[PDB]
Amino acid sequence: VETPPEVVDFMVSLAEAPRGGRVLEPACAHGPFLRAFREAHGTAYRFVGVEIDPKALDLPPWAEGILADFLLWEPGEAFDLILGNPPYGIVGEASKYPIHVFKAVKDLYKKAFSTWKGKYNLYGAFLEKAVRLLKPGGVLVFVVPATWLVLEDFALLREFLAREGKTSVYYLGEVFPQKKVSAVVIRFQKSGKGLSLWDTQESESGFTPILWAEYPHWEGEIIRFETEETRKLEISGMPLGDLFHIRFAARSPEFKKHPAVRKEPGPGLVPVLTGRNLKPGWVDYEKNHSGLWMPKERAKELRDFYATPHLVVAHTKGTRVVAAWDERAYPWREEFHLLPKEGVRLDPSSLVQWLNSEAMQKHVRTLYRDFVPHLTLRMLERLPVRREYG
């Protein structure tokens, strides 16, 4: 993975250090960011690049190279500027996750990083480590996925950044050819407070930032592209989450270990449904996408809520709200299952129609763009619906 020139040039344009300052590129390989910074600002800095793979470290004589795991590296002195493109990926078993480290090393990461949460990600660890390595007033400029703007795994990271300094986020989107990742640049300075959210446009010099919104009192809340229209709609209604318990489907292994589940159709069995069975306002009960079948009546053994008809909302159709009332109460292996709270009196068809509306699709696309390939729980619970009495 190489960082496109326009991205490097844009990041360097945001970068700042005092003359004689210490400039660091983590995960540097050949040090494209060190090289670009030097080209743009000249030679009067102390340049350092840290690389775990001795075969990849390839810095000119004017830079100090360090052969180490950046996440476990303890330099003698802090830095004025840290810039670069850290590795992205979840640490875990190779059959399922891309980053492979000895268990002892993962334990060491968890010990080191106060922001480490859930499965987490190398890029979040790199962000925390870099902030920790910054002098007061120091600056970090990274390109990372947009997922930390909204995901629960990054809640402690956002809160950490909010209390450690001031943050600017510049949305780039899908800028790495033949990678699906939607990217942002983060410029964090280890002083002051607040969040500024920026859009970008491609331009000759790389990208031109366009200030979108300012949040001077940011405390680590999810970051979204709000507009007059999204804000008004949220104020007009009430949160969907205040009317429904939101649960997720039982997972594939739960079905696999259930004594009534089969891998072939047969008398008295129905397909275990997935997201590919959910459509806007209807459910395809016929087509099997899971490879799994079971007696419909026994689905309640996996989750009690499978016993009765209820609203189902899609998780993996991108930044979209796709909803249906499952009138048959089938077993599901995927999707959100919404159960009305005490005293809520719902008209399902009316709600389904609203959730599936163009206005709702425009709403979520606006707020969340393409940061993640899902509608998440945090997004879903905030969807505006009619205010309900008491």
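Start at 1 with the first residue shown and count on from there. Throughout, rigid core stands for the largest set of C-alpha atoms superposing within 1.5 Å between the two forms.
- Taking the rigid core as the alignment reference, the C-alpha atoms of 343-351 lie farther on average from the displayed form in 5 other deposited structures of this protein than those of the other stretch among 343-351 and 25-33.
- Using the rigid core as the fitting frame, the root mean square C-alpha deviation in 5 other deposited structures of this protein is greater for 199-207 than for the other of 135-143 and 199-207.
- With 99-107 and 234-242 compared on mean CA B-factor from the PDB entry, the stretch scoring higher is 99-107.
- Two stretches are in play, 153-161 and 285-293, and the higher mean C-alpha B-factor belongs to 285-293.
- For the set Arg333, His41, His337, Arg365, the PDB entry puts the maximum C-alpha B factor at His41.
- The PDB entry gives the largest Cα B-factor of the residues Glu264, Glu226, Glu128, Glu254 to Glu264.
- In the deposited entry, the Cα temperature factor of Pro26 sits in the bottom third of values across the chain's modelled residues.
- In the PDB entry, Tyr120 places in the lowest third of its chain by CA B-factor.
- Ranked against the other modelled residues of its chain, the C-alpha B-factor of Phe70 as given in the entry falls in the lowest third.
- In the deposited entry, the Cα temperature factor of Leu355 sits in the bottom third of values across the chain's modelled residues.
- Annotation for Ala17: CA B-factor lies in the highest third of the chain's modelled residues.
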